[PDB]
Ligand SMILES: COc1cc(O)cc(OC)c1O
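In structure tokens, the next block holds one chain alone, the form deposited without the ligand.
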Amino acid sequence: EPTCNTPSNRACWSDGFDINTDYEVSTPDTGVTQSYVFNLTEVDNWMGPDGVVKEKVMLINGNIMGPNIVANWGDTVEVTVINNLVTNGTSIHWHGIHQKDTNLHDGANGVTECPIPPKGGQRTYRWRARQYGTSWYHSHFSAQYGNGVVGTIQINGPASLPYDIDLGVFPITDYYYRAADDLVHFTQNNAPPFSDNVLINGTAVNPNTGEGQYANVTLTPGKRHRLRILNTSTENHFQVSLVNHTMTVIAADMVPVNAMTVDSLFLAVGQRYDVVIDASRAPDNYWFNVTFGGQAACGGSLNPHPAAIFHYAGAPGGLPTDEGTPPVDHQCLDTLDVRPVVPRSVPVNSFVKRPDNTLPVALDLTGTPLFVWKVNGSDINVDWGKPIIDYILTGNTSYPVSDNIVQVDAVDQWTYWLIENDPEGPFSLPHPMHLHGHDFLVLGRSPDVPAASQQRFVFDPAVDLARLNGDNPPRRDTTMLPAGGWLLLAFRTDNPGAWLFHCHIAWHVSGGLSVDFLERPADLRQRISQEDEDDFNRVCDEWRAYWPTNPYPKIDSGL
């Protein structure tokens, strides 16, 4: 807990810890543990926030979202996940949390663990809060998170700008009436549907019936407010703005950034932004608009105007009067203008394109189903009953092709990755690429052009090497792979483990769009504790015993 974090000095936290401290290598010892219990239940004919009854949902503790985890920088968070679903297994992934030397607690089923069996199966996740900011959690059992197994994480720590009130979490998500397994099945042979609605902090109004409620945020006149915006969607990529107000970015994902004032912000699936809103305008109700750019290349909604109300305290009630001007089209791309407070520097002149640093993404339509996404010639398909960690604990190096293992043996060195977005394919779509266990550096991408143009770019050293940035580029866990283009990333090999690198669009990862970075295998085995190993084997023995009794088959990648 803090000793010097005041509304005038958010930069200070405690003795020897501040905004300037390198959080990746230095963590405060608090000795405090914040514990929670996640009871997953399967509810049929559930009444949703917009009035429409959902066929089936999978909730945590009976609510639309799980409890918002709150702890301080340096604490340990512990969660006992109890699976009371009927047929489905589960695994909770702590998106944003690096799991430094705790790979076995990542929640990546078929990689770091076997799924927790239903009908009462349990497992206790435990991890250290070595990072401060806004993150989230979700299931990784195929597209199970689309049914409601989602929630937020707020690890308190210092900030890059002073503020008065911390308004907390603001998760924006797409909402479908059809269940996730039905949607994965539809997307296997058809183009993805637009969302039925878009929920903002758990609620939205039905554009047809008028039922529901708009999310209502009360701003205090003349005060600076911190808002933690999240995109917890399965496909929808958002654009956000507040009429007559600007937003000052103080963090991108779980990485603190220097103040950057904007009119609107693009949020890819899995992306987060901590912003400061100054209630500097006239007392009235203002609309917080959720819009779409990229000409529907990265999503859409059947609700033409998803919005929230930002009410000034003292002002009258009702709905806002000003509709405002439409925001600029972000073209399905996140901003590369954000510069981290704690800097990093890497050489970019030395990069050479080789098969071992290149990851070509492609859409294979030559099989059954039609929509099969491949990375380097293979669609990922993990084995829930024999995860990558089982191979490590037995000394087996015969990993099947389908696991998409990319073994990185480099010890604490910066590794380079060029991701290619099907430049020779019939068409290309933008993809929100996410990396487990690390924060990557966004070194550069193909020139920003309209997301629906179909303009293709292949990495040319003669012009693209000068377009790269190695002098403190954006550091985060999720960024956009441009349509028909390319993306150059770099991460330091400081965390031995099996880490997934995938597109966060549920339908795509289901279709196989992922690779598994097996980082320093030899170091990983030696760093696995007897408690972690014993428990992993307990859960795998229980899952392998349950599987033959399951009346349903695995229809996708399992991720």
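Numbers follow the displayed sequence, beginning with 1.
The same protein also has a form deposited with the ligand bound, omitted here; what follows describes it.
Put simply, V352 is far from the ligand in the deposited complex: not one heavy atom of it is within 4.5 Å.
Within this chain, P450 is remote from the site of the ligand in the deposited complex, having no heavy atom within 4.5 Å. None of the heavy atoms of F440 is located within 4.5 Å of the ligand in the deposited complex. In the deposited complex, at least one heavy atom of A296 sits within 4.5 Å of a heavy atom of the ligand. Only one of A251, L435, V240, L429 lies close to the ligand in the deposited complex, with a heavy atom inside 4.5 Å, and it is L429. A single residue from the set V458, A191, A466, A259 has any heavy atom within 4.5 angstroms of the ligand in the deposited complex; that residue is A191. With the partner left out here, the ligand still marks one of 123-131, 106-114, 272-280, 421-429 in the deposited complex; by a 4.5 Å heavy atom cut-off that stretch is 421-429. In the deposited complex, the ligand lies beyond 4.5 angstroms of every heavy atom of every residue of 71-85.
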